[PDB]
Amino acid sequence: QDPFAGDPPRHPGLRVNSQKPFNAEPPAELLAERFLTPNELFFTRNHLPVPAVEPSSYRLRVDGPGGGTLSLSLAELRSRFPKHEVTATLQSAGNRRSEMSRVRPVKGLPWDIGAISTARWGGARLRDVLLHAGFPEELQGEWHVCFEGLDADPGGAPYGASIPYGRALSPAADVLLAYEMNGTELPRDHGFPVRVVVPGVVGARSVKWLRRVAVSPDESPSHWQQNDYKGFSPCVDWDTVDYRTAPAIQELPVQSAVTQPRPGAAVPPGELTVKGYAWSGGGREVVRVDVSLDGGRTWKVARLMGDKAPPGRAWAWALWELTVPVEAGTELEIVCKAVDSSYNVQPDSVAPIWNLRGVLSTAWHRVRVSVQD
């Protein structure tokens, strides 16, 4: 019967948008409590039943340059390659989808602002694993590294995704084959025993339950690389959608949201502490977060907290707070917007960035609250 009966159990407090397959986000109240999202609260995005993997008999398959196959046990992956730790934010393409649906309904999981989490990942460098397999530093022309998961649909197609070969081999890009998450082994929901982590790139490419790495002249031929996770114009309908026309999403644009306080809340007069997160793709650092209480007319600069990465390697979000005076018996529209190190900014409104898939939702986050007497 149930194809999902072997799924792991989860922490009780989550905002679950789908039980089967399991897709949940942490309550926004907890999301920015901590710089590293605890493993139990880390948002979970599963397309399929969670694989049950016996650790000893697991083998990761890596296709070598000549068409032969290298085969790696969990123990080999731990012992043969220097462990590297990378703190990276994973964000779903559809984070903040629900705000986009308010304009015009979209297809997809109705994510609120918490389809984003941060962990310290430990594992083998993908670069080292490929050099070990025999691949050079540089292949000429345009190449991609395909990943397949152990999870498959009833008809047998695995979850798959790819990244450009150059990113796979770059020391600076920090692409990991991770077996470790916030210092413990990878939880089942997060890809036990091995997942790719692609810093600075949409979560879709961080393939969980990794069963194969292949180098190819093209992208992953899988449905989710070729006919999904792509952004379109505000005009594109379902009968006119053309996935050949847009690039697969890799790097994500600058993003931010307010996590404290929550919409509709009553706040005590005097002082309010507004908190949130901000993040940008491509290793671009968040350099500023502006916060408004008057719906986006005046702004003040927030305080930023982060782990100060080297230029071009800002893989982790910035958490932000602003403590500001609030008067008895007023309504506030709390708004936040972030600015990255290439000075990309977030757009004012959602309607002009609307799309049928509900991805890439990065317009200013607005939270309407009231102050008591």
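Sequential numbering from 1, following the sequence displayed.
Colleague: Taking only the CA atoms, which stretch has the higher mean B-factor in the record, 124-132 or 152-160?
Modeller: Comparing averages over the C-alpha atoms only gives 152-160.
Colleague: Between 333-341 and 318-326, which has the higher average C-alpha B-factor in the PDB entry?
Modeller: Comparing 333-341 with 318-326, the higher average CA B-factor belongs to 318-326.
Colleague: Please work out which residue in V215, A88, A266, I116 has the highest C-alpha B-factor recorded for this crystal structure.
Modeller: Going by the entry's C-alpha B-factors, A266 comes out highest.
Colleague: Going by the deposited entry, which of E251, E180, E138, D174 has the highest CA temperature factor?
Modeller: That would be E138.
Colleague: Looking at the entry's B-factor column for C-alpha atoms only, identify whether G312 ranks in the lowest, middle or highest third of its chain.
Modeller: For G312, whose C-alpha B-factor we compare with every modelled residue in the chain, the answer is the highest third.
Colleague: Taking the chain's C-alpha temperature factors as the reference, tell me which third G94 falls into: lowest, middle or highest.
Modeller: Its C-alpha B-factor, which the entry lists for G94, ranks in the lowest third among residues of this chain.
Colleague: Ranking every modelled residue in this chain by its Cα temperature factor as given in the entry, which third contains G306?
Modeller: CA B-factor rank for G306: highest third.
Colleague: Going by the entry, which third of its chain does the Cα temperature factor of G203 land in?
Modeller: Bottom third by C-alpha B-factor.
Colleague: Could you say whether, by C-alpha temperature factor, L36 belongs to the lowest, middle or highest third of its chain?
Modeller: Answer is lowest: the recorded C-alpha B-factor places it there.
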